[PDB]
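**Q** pasting the sequence and an experimental structure:
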Amino acid sequence: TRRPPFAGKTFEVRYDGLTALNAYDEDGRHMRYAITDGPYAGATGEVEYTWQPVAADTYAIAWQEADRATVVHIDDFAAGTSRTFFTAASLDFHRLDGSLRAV
């Protein structure tokens, strides 16, 4: 019964060297992404995510990809910002922060 306010919507996130779409299914449990810019452009995937409020209109969104890479977003939908922490399957740890806007 629990739905995040961003369910059923798609957002473009832009970081240094990376642009992606995060498309939240109406079901509140799945998100489909598409990397549209940078060295991994053309990748897609569906993930299961968790989400928790951390402040007004700001959520911690986390998931693990099929190759066991992990992703944590802190996405503020009012200010339009996205701060991300990404641990690749190789265990390289990447921090990025950028913009977030409704598509």
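**A** Yes, it's here. Numbering: from 1, shown residues only.
**Q** residue 32 touches residue 43, doesn't it?
**A** No - applying Cβ atoms under 8 Å, one finds residue 32 not in contact with residue 43, separated by 11.4 Å. Quick note: C-beta positions are derived from backbone N, CA and C, even for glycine.
**Q** tell me the strands in this protein, going along the chain?
**A** All strands of the chain, identified by DSSP state E, fall at 10-15, 18-24, 30-37, 44-55, 58-64, 70-76, 81-87, 93-102.
**Q** okay, and the beta partners of the nearest residue to residue 47 once chain neighbours are set aside?
**A** Spatial nearest neighbour of residue 47, excluding adjacent residues (Cβ to Cβ, 6 or more residues apart in numbering): residue 63 at 4.1 Å. Counting by DSSP bridges, residue 63 forms beta bridges with residue 49, residue 71.
**Q** ok, residue 63 - contacts?
**A** By Cβ atoms under 8 Å, 6 or more residues apart in numbering, the residues touching residue 63 are 31, 47, 48, 49, 50, 70, 71.
**Q** hmm, 6 Å instead?
**A** Applying Cβ atoms under 6 Å, 6 or more residues apart in numbering to residue 63 gives the contacts 47, 49, 71.
**Q** ok, the last one to residue 60 distance?
**A** With distances taken as Cβ to Cβ, to the nearest Å, residue 71 is found 11 Å from residue 60.
**Q** can you check the second one too?
**A** To residue 60, residue 49 is 10 Å away according to Cβ to Cβ.
**Q** residue 12 and residue 82: what is the separation?
**A** The gap separating residue 12 from residue 82 is 10 Å, by Cβ to Cβ.
**Q** what's the closest non-adjacent residue to residue 18?
**A** Leaving aside its sequence neighbours, residue 18 sits nearest to residue 38 (Cβ to Cβ, 6+ apart; 4.4 Å).
**Q** since that was my last question, I'll sign off now.
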